[PDB]
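Q: One structure coming up, written as structure tokens, with questions to follow.
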Amino acid sequence: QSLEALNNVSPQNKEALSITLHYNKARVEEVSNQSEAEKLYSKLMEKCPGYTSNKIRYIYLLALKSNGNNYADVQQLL
Amino acid sequence: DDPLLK
Numbered sequence: 503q504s505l506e507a508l509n510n511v512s513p514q515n516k517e518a519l520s521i522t523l524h525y526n527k528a529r530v531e532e533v534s535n536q537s538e539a540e541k542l543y544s545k546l547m548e549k550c551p552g553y554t555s556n557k558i559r560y561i562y563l564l565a566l567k568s569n570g571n572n573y574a575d576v577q578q579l580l
Numbered sequence: 135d136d137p138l139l140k
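So this is what it looks like as structure tokens:
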């Protein structure tokens, strides 16, 4: 319902609220299915590379999948 | 520096 109502948001805050809602939906997916969560994580990272929680969660999921074989990514994020 | 991030 929040995503449906996002169409009525003022354009100034529309980008920020869309990013927030997509992050929340990606969290719900990560609870349900990690693949869609990672997809939305990539979508938001392309949309806003400056956000940290998205990158943290994406790298954390990658480390879970790669058994901590992305130490370079963690160092770069640090 | 991004007003969007702020």
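Protein sequences appear in the order of chains q and x.
Under the entry's author numbering, the first residue of the first sequence is numbered 503, with each subsequent residue one higher.
Under the entry's author numbering, the first residue of the second sequence is numbered 135, with each subsequent residue one higher.
Idealized CB from N, CA, C, for every residue including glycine.
1. Would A507(q) pass as an interface residue toward chain x - the criterion being a Cβ-Cβ separation below 8 angstroms?
2. Does any CB atom of chain x fall closer than 8 angstroms to the CB of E548(q)?
3. Return the residue from the list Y543(q), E517(q), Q536(q) and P513(q) that minimises the CA-CA distance to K567(q).
4. If you measure between the beta carbons of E540(q) and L508(q), is that distance less than 8 angstroms?
5. Using a Cβ-Cβ distance cut-off of 8 angstroms, determine whether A518(q) contacts chain x.
6. Whose C-alpha, out of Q503(q), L519(q), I558(q) and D575(q), is nearest the C-alpha of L138(x)?
7. My understanding is that residue 492(q) touches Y543(q), with C-beta atoms under 8 angstroms, so please give their C-beta distance in whole angstroms.
8. Reducing DSSP to helix, strand and coil, say where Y573(q) ends up.
A: Put simply:
1. Along the first sequence, one-based indexing puts residue 507(q) at 5. The C-beta of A507(q) comes no closer than 8 angstroms to any C-beta of chain x.
2. On the first sequence, residue 548(q) is found 46 positions in, with the first residue counted as 1. By this cut-off, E548(q) is not an interface position.
3. For the purposes of this step, residue 567(q) is identified with residue 65 of the first sequence, where counting begins at 1. For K567(q), the nearest C-alpha among the options comes from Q536(q).
4. Within the first sequence, residue 540(q) is the residue found at index 38, counting from 1. Within the first sequence, residue 508(q) is the residue found at index 6, counting from 1. No, these two residues do not count as a Cβ contact at 8 angstroms.
5. Translated into the one-based positions of the first sequence, residue 518(q) becomes position 16. Yes, because at least one Cβ of chain x sits closer than 8 angstroms to the Cβ of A518(q).
6. Along the second sequence, read from residue 1 onward, the residue named residue 138(x) stands at position 4. Ranking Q503(q), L519(q), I558(q) and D575(q) by Cα distance to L138(x) puts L519(q) first.
7. There is simply no residue 492(q) to check, as chain q begins at 503 and stops at 580 in what is shown.
8. Indexing the first sequence from 1 puts residue 573(q) at position 71. Secondary structure of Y573(q) (DSSP, three-state): helix.
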